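*Asks:* okay, here's the opening piece of the assembly, coordinates as they are in the complex:
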Amino acid sequence: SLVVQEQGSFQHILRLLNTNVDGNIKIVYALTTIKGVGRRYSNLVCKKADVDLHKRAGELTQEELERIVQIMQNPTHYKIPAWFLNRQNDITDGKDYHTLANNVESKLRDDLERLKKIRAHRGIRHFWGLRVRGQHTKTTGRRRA
Amino acid sequence: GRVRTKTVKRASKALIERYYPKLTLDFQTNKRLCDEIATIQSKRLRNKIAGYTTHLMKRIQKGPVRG
Amino acid sequence: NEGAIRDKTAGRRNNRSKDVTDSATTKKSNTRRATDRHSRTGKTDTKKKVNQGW
Amino acid sequence: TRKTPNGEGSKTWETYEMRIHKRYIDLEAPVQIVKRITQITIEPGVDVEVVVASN
């Protein structure tokens, strides 16, 4: 298309949401490295942040990046549909959350631990390192842990 | 494997023995000839018979052939 | 359910530490074969009996 | 359908069929002939359905 230049102000390896992110790649795919961030959520948000998807995560004035941040923990305020999110309706407060980065591992625990402390057949199934989804365990699951 | 069975060569045999006059070497004449002389219940069979009794003729003119 | 989770001697890392029995890979057993034609019924219908019928 | 009654053997299928042929004819007739042509010219195993209306 059109060759660009900028300066040394292109920066590789930027850290955000307590995770290091690769520059020098299309910014849409640099944000998926962050936990809870997939290819759809990185698409919709990068759009909703009014960021050039042709541009790499390298330059990305920090004002832009801080915009990109804000929407990821503020989905319903920037009008991302509410079907677009992983944690909906919760189990307690009843609200809808997109849990991201180190917080997805965090909240993942609680879900299991709930089921575990509840003495649920699926928590039983989880304590035993087994298949929770009801599939046949006979043949599959061999080389295992 | 194109080989005529016995029901084909026995027909062709007994046909030329009594019908050698008429029975020109040309197939299509002999084939049509067969319907008015010999009774055969198949389209193909009649053509298979014909084409062989044809062969008997075409060689016979170069001298006899056994049987 | 209360007993199920807490109980040790239960799990996957549990069973994965033990040894797979030899009868696992025992193959066929063939059952009765090559004895097929020799009649265990041990009757042998009789010359006069088989001519009276057939 | 599988040939064998039970389970065993190499798996032999078989395909039965039944052939249905359907003809229909158009006529213009007075009252006597439709009733005359239909009441007779019956035949076993053949299904004869007749009626007019353009519809």
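*Replies:* Noted; the coordinates are in hand. Numbering: from 1, shown residues only, chains lettered A, B, ... in the order given.
*Asks:* Residue B:60 versus residue D:36, what's the distance?
*Replies:* Distance, residue D:36 to residue B:60, using Cβ to Cβ, to the nearest Å: 64 Å. For the C-beta atoms, the positions are set from N, CA and C on the backbone; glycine is no exception.
*Asks:* nope, residue A:2 is what I meant
*Replies:* Relative to residue B:60, and taking Cβ to Cβ, residue A:2 is found at 91 Å.
*Asks:* ok, the two, which is more surrounded?
*Replies:* A direct count of neighbours by other Cβ atoms under 10 Å in any protein chain shown for residue A:2 and residue B:60 places residue B:60 higher, at 14 against 3.
*Asks:* Please give the element, helix or strand, for the spatially most central residue of chain D.
*Replies:* Compute the mean C-alpha point of chain D, and by Cα atoms, centre = their mean the closest residue is residue D:20, 5.1 Å away. Secondary structure assignment for residue D:20, by DSSP states H and E: no helix or strand.
*Asks:* Which residues of chain A lie near chain C?
*Replies:* Within chain A, the positions lying close to chain C (Cβ under 8 Å from any Cβ of the partner chain) are A:116, A:119, A:120, A:121, A:123, A:124, A:127, A:128, A:129, A:130, A:144, A:145.
*Asks:* Does the first one touch residue A:126 like I think?
*Replies:* Yes - Residue A:116 lies in contact with residue A:126 (Cβ atoms under 8 Å); the separation is 6.5 Å.
*Asks:* What count of nearby residues applies to residue A:40?
*Replies:* Per other Cβ under 10 Å, the neighbour tally for residue A:40 reads 10.
*Asks:* That one sits in which helix or strand?
*Replies:* Element membership for residue A:40 (DSSP H and E) is helix A:39-48.
*Asks:* between the helix or strand just after that helix and helix A:39-48, how many degrees?
*Replies:* As assigned by DSSP H and E, the chain's next helix or strand after helix A:39-48 is helix A:62-73. Counting by axes from the mean of the first three to the mean of the last three Cα atoms, to 10 degrees, helix A:62-73 lies at 130 degrees to helix A:39-48.
*Asks:* which outside residues touch helix A:62-73?
*Replies:* A:14, A:16-17, A:31, A:37, A:41, A:45-46, A:48-51, A:78, A:80, A:98, A:100 (Cβ atoms under 8 Å, 6 or more residues apart in numbering or on different chains).
*Asks:* Which strands or helices does the helix or strand just after that helix pack on?
*Replies:* Using DSSP H and E, the helix or strand that follows helix A:62-73 in sequence is helix A:102-117. Under the contact definition 3 or more Cβ pairs under 8 Å, 6 or more residues apart in numbering or on different chains; DSSP states H and E, helix A:102-117 sits against helix A:121-127.
*Asks:* Chain E comes next; put it on the structure above:
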Amino acid sequence: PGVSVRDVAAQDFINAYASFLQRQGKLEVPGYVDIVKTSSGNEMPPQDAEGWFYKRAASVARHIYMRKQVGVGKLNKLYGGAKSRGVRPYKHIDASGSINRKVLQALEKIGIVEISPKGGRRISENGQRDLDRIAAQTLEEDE
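*Replies:* Chain E now in position relative to the chains above:
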């Protein structure tokens, strides 16, 4: 020399109608565009984001023009395709129905299509006008 859209190659066409359908600016993008996937069998949302509704309108149109009538149902069956069930084999899927209905609902408002008898959407008389028009210009771009 006289023209119909059947005189113009498929892709060169639908681009140009989508080029002008942009400069027209009167479409009615439903507002959920750019957030949507177009299919229950597709991986990603369209790579064009803003746009591609100009492309699907320019797709839908030229299809409706070329034949008698086409319903939103048929449009589902058309654009859709093999979906990846992943570990499972690939089965056909219909595309997103609303995306295909809100091209028709908003191509009706723009006068390039009309509710037909026999059900469906028949090409509009002014559609025939506006289509064959950009058709000729497209060959008359290449002069």
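*Asks:* please look at the neighbour count of residue A:40 again, because chain E has been put in.
*Replies:* That count, for residue A:40 with other Cβ under 10 Å as the rule, works out to 15.
*Asks:* my guess is it contacts residue E:45, does it?
*Replies:* Yes - counting by Cβ under 8 Å, residue A:40 touches residue E:45, with 7.2 Å between them.
*Asks:* host element of residue E:137?
*Replies:* helix E:125-139.
*Asks:* Tell me the residue of chain B that sits nearest chain A?
*Replies:* At 49.3 Å from chain A, residue B:1 is the closest residue in chain B, using Cβ to the nearest Cβ.
*Asks:* Tell me which residue is most central in chain B.
*Replies:* residue B:53 (2.1 Å).
*Asks:* thinking that residue is in contact with residue B:30, fair?
*Replies:* Yes - Residue B:53 lies in contact with residue B:30 (Cβ under 8 Å); the separation is 6.4 Å.
*Asks:* quick one: the helices in chain B?
*Replies:* Per DSSP state H, chain B carries helices over the ranges B:6-19, B:27-37, B:43-60.
*Asks:* quick one, helices of chain E?
*Replies:* E:10-24, E:53-65, E:72-79, E:97-108, E:125-139.
*Asks:* Output the longest helix belonging to chain C.
*Replies:* helix C:47-53.
*Asks:* Now do that one: distance to the chain's middle.
*Replies:* 39 Å (Cα atoms, centre = their mean, to the nearest Å).
*Asks:* Name the residues that touch that helix?
*Replies:* By Cβ under 8 Å, 6+ apart, helix C:47-53 touches no other residue.
*Asks:* What would it look like as PDB? C-alpha coordinates only.
*Replies:* Extracted in PDB, the C-alpha atoms of helix C:47-53 (Å, rounded to 0.1, in the frame of the first residue of the first chain):
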ATOM      1  CA  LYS C  47     -27.600 -98.200  12.800                       C
ATOM      2  CA  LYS C  48     -31.100 -99.500  13.200                       C
ATOM      3  CA  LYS C  49     -32.300 -96.200  14.600                       C
ATOM      4  CA  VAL C  50     -31.000 -94.100  11.700                       C
ATOM      5  CA  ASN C  51     -32.400 -96.500   9.000                       C
ATOM      6  CA  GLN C  52     -35.900 -96.500  10.700                       C
ATOM      7  CA  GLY C  53     -36.000 -92.700  10.500                       C
END
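*Asks:* For it, could you pull out the residues that count as buried?
*Replies:* Of the residues in helix C:47-53, none count as buried by neighbour count, 16 or more other Cβ atoms under 10 Å in any protein chain shown.
*Asks:* if we can go back for a sec, overlap in contacts, residue A:40 and residue E:45.
*Replies:* Joint contacts of residue A:40 and residue E:45 (Cβ under 8 Å, 6+ apart) are residue E:37.
*Asks:* mind adding chain F? sequence follows:
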Amino acid sequence: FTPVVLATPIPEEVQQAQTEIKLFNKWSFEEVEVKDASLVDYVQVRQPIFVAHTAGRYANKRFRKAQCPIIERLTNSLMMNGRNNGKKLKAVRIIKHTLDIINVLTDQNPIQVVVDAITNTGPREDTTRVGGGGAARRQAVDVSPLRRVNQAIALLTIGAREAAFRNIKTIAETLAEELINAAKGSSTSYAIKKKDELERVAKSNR
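*Replies:* Let me put chain F in with the others:
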């Protein structure tokens, strides 16, 4: 060139070579004559064809195979390894693409350079599995001129297909690199390597 027109038009450059010389989509079937002895009647070069797609009969009888257009046998042997079974369009276009490339580098005729890499790569004599009176030995035998083109086609395709595997390069490039390196055999090509060693194994056991 006498540009006649009629209601639905046929383009000029289209119109031109068609009524005229019979060449490829555009390439010269004249010149391009077999650059080795033998190999004749096993290297087709006629009748000329615009593209490498054909209905084809070449199966039902033995040597009808050798009558097929050689470039068509190039794309034919090209579509393979699983997912590429069928799908001749991908191959026919990749060949026009490749011919585009071989012509672009060191000029001449890609279609002749194809034959130049085929006439180079045929093994002259090779070996067979012989039971013997003991540990099996190798009997050097000369190899058919037909087979000489046979194992040459796959030779180049394999190397162009195997090298194009999992590298940024595109098939037509790996097709041309193979064809070019073998046009005058550089031993850097997968095909010319294998040719010599199977002719070496014949001089070996002799």
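*Asks:* The neighbour count of residue A:40 again please, chain F included this time.
*Replies:* 15.
*Asks:* now swap in residue F:95 and tell me
*Replies:* Counted with other Cβ under 10 Å, residue F:95 comes out at 25.
*Asks:* I'd say it and residue F:71 touch.
*Replies:* Yes - counting by Cβ under 8 Å, residue F:95 touches residue F:71, with 6.3 Å between them.
*Asks:* joint contacts of these two?
*Replies:* residue F:52.
*Asks:* returning to that earlier point: so which elements touch the helix holding residue E:137?
*Replies:* helix E:10-24, helix E:53-65, strand E:113-115.
*Asks:* what's the angle between the second one and helix E:125-139?
*Replies:* With the same axes, to 10 degrees as the criterion, the two stretches helix E:53-65 and helix E:125-139 enclose an angle of 110 degrees.
*Asks:* what does helix E:53-65 rub up against?
*Replies:* Against helix E:53-65 from outside (Cβ under 8 Å, 6+ apart): E:5, E:10, E:13-19, E:21-22, E:27, E:29, E:33, E:48, E:70, E:75, E:78-79, E:99-100, E:103-104, E:106-107, E:112-113, E:121-123, E:127-128, E:131.
*Asks:* Residue of chain C closest to chain A, please.
*Replies:* Closest point on chain C to chain A, by Cβ to the nearest Cβ, is residue C:12, at 3.8 Å.
*Asks:* For the closest residue to residue A:81 other than its chain neighbours, which residues are in contact?
*Replies:* Distances taken as Cβ to Cβ, 6 or more residues apart in numbering or on different chains place residue E:35 nearest to residue A:81, at 6.4 Å, with adjacent residues excluded. If you count contacts by Cβ under 8 Å, 6+ apart, residue E:35 has them with A:44, A:47, A:80, A:81, A:84, E:45.
*Asks:* Please report the distance of residue F:2 from residue E:93.
*Replies:* Taken as Cβ to Cβ, the span from residue F:2 to residue E:93 is 54 Å.
*Asks:* should've said residue E:15
*Replies:* Taken as Cβ to Cβ, the span from residue E:15 to residue E:93 is 26 Å.
*Asks:* For the two, work out which one has more neighbours and name it.
*Replies:* Counted by other Cβ under 10 Å, residue E:15 and residue E:93 do not tie: residue E:93 has more neighbours, with 18 against 14.
*Asks:* What count of nearby residues applies to the closest residue to the more buried one other than its chain neighbours?
*Replies:* Distances taken as Cβ to Cβ, 6+ apart place residue E:41 nearest to residue E:93, at 3.3 Å, with adjacent residues excluded. Residue E:41 has 19 neighbouring residues, counting by other Cβ under 10 Å.
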